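Structure data follow from structure31.txt (compact mmCIF, C-alpha atoms):
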# COMPACT_ATOMS: atom_id res chain seq x y z
CA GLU A 235 68.80 85.22 92.19
CA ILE A 236 67.15 85.31 88.79
CA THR A 237 66.54 89.01 88.12
CA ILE A 238 63.40 89.80 86.08
CA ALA A 239 62.86 93.42 85.04
CA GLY A 240 59.91 95.17 83.37
CA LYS A 241 59.75 98.20 81.16
CA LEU A 242 57.66 101.07 82.42
CA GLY A 243 54.01 100.57 83.36
CA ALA A 244 51.32 98.39 84.92
CA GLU A 245 51.31 95.78 82.14
CA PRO A 246 55.01 94.77 82.33
CA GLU A 247 54.77 94.86 86.14
CA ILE A 248 51.92 92.35 85.95
CA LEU A 249 53.93 90.19 83.57
CA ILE A 250 57.16 90.03 85.56
CA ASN A 251 55.14 89.09 88.64
CA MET A 252 53.61 86.27 86.58
CA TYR A 253 57.08 85.15 85.60
CA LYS A 254 58.08 85.12 89.29
CA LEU A 255 54.94 83.23 90.26
CA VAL A 256 55.30 80.41 87.73
CA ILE A 257 59.08 80.03 88.19
CA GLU A 258 58.73 79.85 92.00
CA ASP A 259 55.73 77.49 91.81
CA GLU A 260 57.62 75.00 89.64
CA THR A 261 61.30 75.34 90.67
CA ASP A 262 63.55 76.15 93.58
CA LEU A 263 64.89 79.26 91.85
CA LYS A 264 64.38 82.54 93.68
CA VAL A 265 63.17 85.47 91.63
CA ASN A 266 63.81 89.15 92.23
CA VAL A 267 61.47 91.47 90.29
CA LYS A 268 62.58 94.94 89.11
CA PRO A 269 59.44 96.78 88.03
CA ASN A 270 59.56 99.96 86.00
CA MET A 271 63.23 99.60 85.24
CA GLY A 272 63.22 101.84 82.20
CA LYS A 273 62.44 102.11 78.52
CA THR A 274 63.12 99.54 75.79
CA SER A 275 66.68 100.53 74.83
CA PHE A 276 67.83 100.69 78.47
CA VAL A 277 66.26 97.38 79.51
CA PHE A 278 67.53 95.58 76.42
CA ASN A 279 71.00 96.89 77.17
CA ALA A 280 70.73 95.70 80.77
CA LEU A 281 69.91 92.21 79.49
CA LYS A 282 72.81 92.21 77.05
CA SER A 283 75.16 93.34 79.82
CA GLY A 284 74.05 90.71 82.30
CA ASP A 285 72.58 93.30 84.67
CA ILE A 286 69.19 91.50 84.52
CA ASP A 287 68.33 87.94 83.49
CA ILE A 288 64.88 88.12 81.89
CA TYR A 289 62.41 90.74 80.74
CA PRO A 290 59.15 90.71 78.71
CA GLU A 291 59.56 92.03 75.15
CA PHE A 292 57.16 92.54 72.24
CA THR A 293 57.50 90.67 68.93
CA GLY A 294 57.07 93.70 66.66
CA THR A 295 59.45 95.70 68.90
CA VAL A 296 62.16 93.07 68.31
CA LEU A 297 61.93 93.41 64.53
CA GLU A 298 61.92 97.20 64.42
CA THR A 299 64.30 97.98 67.29
CA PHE A 300 66.87 95.18 67.62
CA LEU A 301 66.89 93.30 64.30
CA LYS A 302 66.01 96.34 62.16
CA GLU A 303 64.19 94.03 59.76
CA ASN A 304 60.87 94.52 58.02
CA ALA A 305 58.17 91.99 58.78
CA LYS A 306 57.07 90.39 55.53
CA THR A 307 53.63 89.97 57.10
CA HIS A 308 51.30 90.98 59.90
CA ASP A 309 50.62 87.39 60.90
CA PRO A 310 51.40 87.18 64.64
CA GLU A 311 53.03 83.75 64.53
CA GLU A 312 55.20 84.56 61.50
CA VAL A 313 56.38 87.75 63.22
CA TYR A 314 57.23 85.85 66.42
CA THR A 315 59.17 83.21 64.48
CA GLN A 316 61.09 86.01 62.79
CA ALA A 317 61.84 87.71 66.13
CA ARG A 318 62.91 84.51 67.83
CA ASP A 319 65.17 83.23 65.03
CA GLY A 320 66.76 86.68 64.72
CA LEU A 321 67.43 87.10 68.41
CA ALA A 322 68.98 83.64 68.59
CA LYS A 323 71.30 84.32 65.71
CA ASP A 324 72.21 88.00 66.04
CA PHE A 325 72.16 88.35 69.82
CA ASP A 326 72.56 84.83 71.19
CA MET A 327 69.22 85.41 72.91
CA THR A 328 66.38 82.99 73.57
CA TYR A 329 62.92 84.39 73.00
CA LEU A 330 60.38 81.97 74.43
CA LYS A 331 56.81 81.44 73.24
CA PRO A 332 54.50 84.43 73.11
CA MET A 333 51.32 85.15 75.02
CA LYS A 334 48.07 85.59 73.08
CA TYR A 335 47.22 89.26 73.45
CA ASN A 336 48.31 91.60 70.71
CA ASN A 337 48.97 95.06 72.10
CA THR A 338 48.70 97.13 68.96
CA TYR A 339 46.60 100.04 67.76
CA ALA A 340 42.85 99.63 68.10
CA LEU A 341 39.67 101.47 67.27
CA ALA A 342 37.02 101.50 69.94
CA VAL A 343 33.53 102.92 69.89
CA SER A 344 30.90 103.93 72.45
CA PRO A 345 28.65 101.05 73.44
CA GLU A 346 25.63 103.03 72.20
CA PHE A 347 27.12 103.36 68.69
CA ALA A 348 28.04 99.66 68.62
CA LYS A 349 24.50 98.67 69.60
CA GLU A 350 22.69 100.85 67.10
CA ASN A 351 24.79 99.59 64.18
CA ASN A 352 25.87 96.10 65.28
CA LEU A 353 29.55 97.00 65.19
CA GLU A 354 32.12 94.23 65.74
CA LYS A 355 34.95 94.93 63.28
CA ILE A 356 36.57 97.99 61.68
CA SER A 357 35.10 97.06 58.30
CA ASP A 358 31.59 97.39 59.82
CA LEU A 359 32.18 101.16 59.96
CA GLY A 360 31.93 101.54 56.17
CA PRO A 361 28.14 101.87 55.94
CA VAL A 362 28.03 104.19 58.96
CA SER A 363 31.13 106.28 58.29
CA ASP A 364 29.18 109.55 58.14
CA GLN A 365 27.91 108.84 61.67
CA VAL A 366 31.42 108.54 63.10
CA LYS A 367 32.51 111.34 65.38
CA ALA A 368 36.20 110.51 65.82
CA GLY A 369 38.61 111.71 68.48
CA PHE A 370 42.12 110.65 67.56
CA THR A 371 45.46 111.07 69.23
CA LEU A 372 47.73 113.28 67.14
CA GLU A 373 50.08 110.37 66.50
CA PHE A 374 47.33 108.11 65.20
CA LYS A 375 45.87 110.88 63.10
CA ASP A 376 49.17 111.86 61.46
CA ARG A 377 51.33 108.71 61.27
CA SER A 378 51.36 106.89 57.94
CA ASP A 379 50.51 103.62 59.79
CA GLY A 380 47.55 105.08 61.73
CA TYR A 381 44.49 106.85 60.31
CA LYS A 382 46.09 106.90 56.84
CA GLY A 383 46.13 103.10 57.00
CA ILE A 384 42.42 103.08 57.85
CA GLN A 385 41.79 105.28 54.81
CA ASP A 386 43.88 103.14 52.46
CA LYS A 387 43.21 99.58 53.63
CA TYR A 388 39.62 99.90 54.89
CA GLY A 389 38.57 102.74 52.58
CA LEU A 390 37.27 104.75 55.52
CA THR A 391 37.39 108.53 55.82
CA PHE A 392 35.65 110.26 58.71
CA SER A 393 34.48 113.78 57.85
CA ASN A 394 33.89 114.43 61.55
CA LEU A 395 37.30 114.10 63.15
CA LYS A 396 38.93 116.03 65.98
CA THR A 397 42.39 115.78 67.44
CA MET A 398 42.31 115.81 71.21
CA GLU A 399 44.67 115.75 74.14
CA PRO A 400 44.58 111.98 74.78
CA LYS A 401 42.94 112.19 78.22
CA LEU A 402 40.00 114.36 77.24
CA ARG A 403 38.88 111.81 74.63
CA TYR A 404 37.54 109.35 77.16
CA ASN A 405 35.48 112.07 78.79
CA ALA A 406 34.32 113.10 75.32
CA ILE A 407 33.35 109.53 74.42
CA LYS A 408 31.67 109.25 77.81
CA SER A 409 29.84 112.54 77.19
CA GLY A 410 29.00 111.75 73.54
CA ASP A 411 31.07 114.51 71.94
CA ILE A 412 32.80 111.66 70.06
CA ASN A 413 31.79 108.01 69.45
CA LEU A 414 35.08 106.56 68.18
CA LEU A 415 38.69 106.79 69.35
CA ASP A 416 42.05 105.13 68.83
CA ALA A 417 43.91 103.40 71.65
CA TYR A 418 46.20 100.46 72.18
CA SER A 419 44.27 97.21 72.51
CA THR A 420 45.24 96.52 76.15
CA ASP A 421 44.70 100.05 77.58
CA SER A 422 42.79 99.96 80.89
CA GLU A 423 40.69 102.96 79.81
CA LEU A 424 38.91 100.75 77.25
CA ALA A 425 37.64 98.55 80.06
CA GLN A 426 37.00 101.54 82.32
CA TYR A 427 34.77 103.32 79.82
CA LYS A 428 33.09 100.10 78.68
CA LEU A 429 33.98 100.68 75.03
CA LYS A 430 33.48 98.17 72.24
CA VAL A 431 36.91 97.35 70.86
CA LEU A 432 36.64 96.57 67.16
CA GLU A 433 38.37 93.66 65.46
CA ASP A 434 41.11 94.67 63.02
CA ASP A 435 39.67 92.21 60.54
CA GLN A 436 42.03 93.21 57.73
CA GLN A 437 45.15 92.94 59.92
CA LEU A 438 46.16 96.52 59.13
CA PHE A 439 48.01 96.95 62.43
CA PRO A 440 51.35 95.22 63.07
CA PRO A 441 51.44 92.55 65.80
CA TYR A 442 53.03 93.07 69.24
CA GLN A 443 52.84 90.02 71.42
CA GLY A 444 54.82 89.73 74.62
CA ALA A 445 57.26 86.91 75.36
CA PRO A 446 60.17 86.26 77.74
CA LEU A 447 63.55 87.40 76.52
CA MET A 448 66.85 86.20 78.01
CA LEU A 449 70.42 85.42 76.96
CA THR A 450 70.73 81.85 75.68
CA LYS A 451 73.64 81.29 78.08
CA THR A 452 71.15 82.02 80.89
CA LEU A 453 68.77 79.31 79.74
CA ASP A 454 71.77 76.99 79.30
CA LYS A 455 72.64 77.52 82.96
CA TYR A 456 69.04 77.39 84.24
CA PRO A 457 67.18 75.06 81.85
CA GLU A 458 64.37 74.82 84.41
CA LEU A 459 63.28 78.34 83.41
CA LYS A 460 61.79 77.19 80.15
CA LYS A 461 58.81 75.03 81.14
CA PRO A 462 57.42 77.50 83.73
CA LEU A 463 57.63 80.53 81.45
CA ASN A 464 56.10 78.59 78.57
CA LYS A 465 52.96 77.92 80.67
CA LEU A 466 52.00 81.44 79.66
CA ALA A 467 52.34 80.62 75.95
CA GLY A 468 49.15 81.37 74.07
CA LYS A 469 47.56 82.68 77.25
CA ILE A 470 46.02 86.06 78.16
CA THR A 471 43.54 87.51 75.66
CA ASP A 472 43.38 91.21 74.83
CA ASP A 473 40.34 91.50 77.05
CA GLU A 474 41.91 89.63 79.97
CA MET A 475 44.94 91.95 79.77
CA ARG A 476 42.65 95.00 79.66
CA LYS A 477 40.87 93.83 82.79
CA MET A 478 44.14 93.21 84.66
CA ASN A 479 45.62 96.56 83.63
CA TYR A 480 42.36 98.07 84.97
CA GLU A 481 42.74 96.33 88.32
CA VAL A 482 46.14 97.94 88.80
CA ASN A 483 45.60 101.35 87.20
CA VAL A 484 42.03 102.03 88.41
CA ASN A 485 41.15 99.75 91.34
CA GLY A 486 44.60 100.21 92.87
CA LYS A 487 45.41 96.52 93.32
CA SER A 488 49.04 95.37 93.31
CA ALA A 489 50.48 93.87 90.13
CA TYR A 490 51.47 90.85 92.21
CA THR A 491 47.93 90.20 93.42
CA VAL A 492 46.22 90.63 90.03
CA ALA A 493 48.88 88.31 88.50
CA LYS A 494 48.42 85.66 91.15
CA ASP A 495 44.62 85.82 90.78
CA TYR A 496 44.81 85.33 87.05
CA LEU A 497 47.21 82.43 87.27
CA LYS A 498 45.05 80.77 89.92
CA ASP A 499 41.85 81.32 87.98
CA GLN A 500 43.57 79.69 84.98
CA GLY A 501 44.83 76.74 87.02
CA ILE A 502 48.40 77.60 86.09
CA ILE A 503 49.10 77.97 89.82
CA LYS A 504 47.32 76.05 92.60
Could you rewrite the structure in this file as structure tokens?
Amino acid sequence: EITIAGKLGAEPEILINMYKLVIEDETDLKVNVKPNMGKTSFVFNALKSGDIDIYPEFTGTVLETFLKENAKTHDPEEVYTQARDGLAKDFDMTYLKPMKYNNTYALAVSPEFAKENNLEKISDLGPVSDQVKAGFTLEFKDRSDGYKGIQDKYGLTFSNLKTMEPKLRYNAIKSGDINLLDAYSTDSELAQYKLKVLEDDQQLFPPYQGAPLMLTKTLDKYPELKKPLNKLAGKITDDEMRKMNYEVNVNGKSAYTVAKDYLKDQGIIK
């Protein structure tokens, strides 16, 4: 009778099943999962209203959506600390420790392009910028915090740049029509198409790490929630999350099964 909801998609469905798995492994609490409940504003309201007890929320989403505060930095831990202190104060909400992966914008390149030019980080593109054949989503191309940021902070302009309906880009990168695209760092497609995901070595992109969000009065009543959920703190790399999202979205496995496998492989569950 602890209700854990997820926002829409495979990733939050994996996460809430992880929350269920650790809580049930370590306590006598019974967990009901509510996958695909709805979007951020709706799920946050359900938490505030006591309709659900826990959901996974992103650190950068807290600052921009709920606190309406600018992050002084792009350092992941400083952003989390800001989210957590703000939620505690302004919403009487407890935001527990975040997982490792940072689901933010990413640039990814074909493996062939990475191999020829030894590409590991965005800054490595400088000397090969005229070789880039980019296929960007319209949002990334046109938002001041997307391609414009690449131009300003990394000094990179790609003369060969197309805007593409998001789907077609992976076929185009597969076919060689493009060799670079934007995505979010945990998208299953990046694993599916075997792309090299570049390090944002200048921390241009703002951090979005997931962590459990609940009302403080909930933790007060069920203190035993804290230790289980915090077993996920600092766990799950971008690549591990990519692979799990792939298992659900492409291989058709259930979020519960891929969650349980990961936790077992990590020794978090026996």
Shell around residue 244 (chain A) at 9 Å using only C-alpha atoms, local window under 3 positions removed, as an mmCIF file with C-alpha atoms, in the frame of the given file:
data_model
loop_
_atom_site.group_PDB
_atom_site.id
_atom_site.type_symbol
_atom_site.label_atom_id
_atom_site.label_comp_id
_atom_site.auth_asym_id
_atom_site.auth_seq_id
_atom_site.Cartn_x
_atom_site.Cartn_y
_atom_site.Cartn_z
ATOM 1 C CA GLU A 247 54.770 94.860 86.140
ATOM 2 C CA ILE A 248 51.920 92.350 85.950
ATOM 3 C CA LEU A 249 53.930 90.190 83.570
ATOM 4 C CA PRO A 269 59.440 96.780 88.030
ATOM 5 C CA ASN A 270 59.560 99.960 86.000
ATOM 6 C CA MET A 478 44.140 93.210 84.660
ATOM 7 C CA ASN A 479 45.620 96.560 83.630
ATOM 8 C CA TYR A 480 42.360 98.070 84.970
ATOM 9 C CA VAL A 482 46.140 97.940 88.800
ATOM 10 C CA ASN A 483 45.600 101.350 87.200
ATOM 11 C CA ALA A 489 50.480 93.870 90.130
#
Interatomic distance (Å, one decimal) between CA of residue 363 (chain A) and CA of residue 395 (chain A):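 About the pair CA of residue 363 (chain A) and CA of residue 395 (chain A): they are 11.1 Å apart.
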Between A:411, A:475, A:444, A:378, single out the one closest to residue 423 (chain A), counting all atoms listed in the file. A:475
Let me make sure I understand: among A:455, A:403, A:494, A:331, which one has the smallest atom-to-atom distance to residue 254 (chain A) if we use only C-alpha atoms?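 Among the listed residues, A:494 lies closest to residue 254 (chain A).
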Residues near residue 453 (chain A), anyone? I mean within 12 Å using only C-alpha atoms, not counting same-chain ones fewer than 2 positions away, as a ChimeraX atom specification. /A:236,287-288,322,326-330,446-451,455-461,463
Residue subset to file, keeping C-alpha atoms, as a CSV table (one decimal), in the coordinates of the input:
chain,number,residue,atom,x,y,z
A,236,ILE,CA,67.2,85.3,88.8
A,287,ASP,CA,68.3,87.9,83.5
A,288,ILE,CA,64.9,88.1,81.9
A,322,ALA,CA,69.0,83.6,68.6
A,326,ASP,CA,72.6,84.8,71.2
A,327,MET,CA,69.2,85.4,72.9
A,328,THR,CA,66.4,83.0,73.6
A,329,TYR,CA,62.9,84.4,73.0
A,330,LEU,CA,60.4,82.0,74.4
A,446,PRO,CA,60.2,86.3,77.7
A,447,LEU,CA,63.6,87.4,76.5
A,448,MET,CA,66.8,86.2,78.0
A,449,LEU,CA,70.4,85.4,77.0
A,450,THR,CA,70.7,81.8,75.7
A,451,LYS,CA,73.6,81.3,78.1
A,455,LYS,CA,72.6,77.5,83.0
A,456,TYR,CA,69.0,77.4,84.2
A,457,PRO,CA,67.2,75.1,81.8
A,458,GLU,CA,64.4,74.8,84.4
A,459,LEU,CA,63.3,78.3,83.4
A,460,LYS,CA,61.8,77.2,80.2
A,461,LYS,CA,58.8,75.0,81.1
A,463,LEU,CA,57.6,80.5,81.4
